[PDB]
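Have a look at the structure below, then the notes.
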Amino acid sequence: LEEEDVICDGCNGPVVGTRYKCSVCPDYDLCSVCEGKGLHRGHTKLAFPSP
Ligand SMILES: [Zn+2]
Ligand SMILES: [Zn+2]
């Protein structure tokens, strides 16, 4: 089947658990690893569960 998966704009890895979606940039997300590394710090991101 076709599934919609979230891939990290930082490491191209899967975004599972908590996803950080930028509130300004279009279709931009980070995994918790890339967030921890402090990527995309200039913009406010939305943090919510990624099932
Ligand atoms: Zn990442
Ligand atoms: Zn942004």
Side-chain angles (χ1 to χ4, degrees):
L1 69 341
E2 292 171 353
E3 282 194 354
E4 297 298 324
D5 292 321
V6 185
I7 306 301
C8 175
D9 276 282
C11 63
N12 300 337
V15 177
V16 301
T18 302
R19 70 187 277 204
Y20 300 84
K21 178 184 172 57
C22 183
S23 56
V24 182
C25 290
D27 194 87
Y28 187 93
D29 312 75
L30 300 180
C31 65
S32 60
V33 173
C34 284
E35 175 70 359
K37 293 183 173 164
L39 242 164
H40 214 84
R41 266 173 57 257
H43 290 167
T44 297
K45 296 158 271 191
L46 286 20
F48 54 97
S50 190

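Along the sequence shown, residues are numbered consecutively beginning with 1. Every heavy atom of this structure was used, including side-chain atoms; hydrogens, water molecules and symmetry mates were not. Both ligands and their constituent atoms are indexed starting at 1 by order of listing.
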Task: Heavy-atom pair with the smallest gap, counting every atom of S50 and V15 - done: OG-O, 2.8 Å

Task: Heavy-atom pair of closest approach, residues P14 and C31 - done: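 Heavy atoms only, the tightest pair is O-CB, 3.9 Å.
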
Task: Metal-centred angle, the Zn ion (ligand 2) as apex - SG of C22, SG of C25, 10° resolution - done: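 About 120° at the Zn ion (ligand 2).
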
Open item on the list: Quick check against the 3.5 Å criterion: does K45 have a side-chain atom that pairs as donor or acceptor with the backbone of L30?
Closed with: no

TODO: Would you confirm whether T18, through its side chain, and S32, through its main-chain N or O, come within 3.5 Å as a donor-acceptor pair?
DONE: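 No, because the side chain of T18 does not come within donor-acceptor range (under 3.5 Å) of the backbone of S32.
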
Task: Three-point angle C11:SG, the Zn ion (ligand 1), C31:SG, rounded to the nearest 10° - done: 110°

Task: the Zn ion (ligand 2) - closest N/O/S atom in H43 - done: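 Looking at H43, the N, O or S atom with the least distance to the Zn ion (ligand 2) is ND1.
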
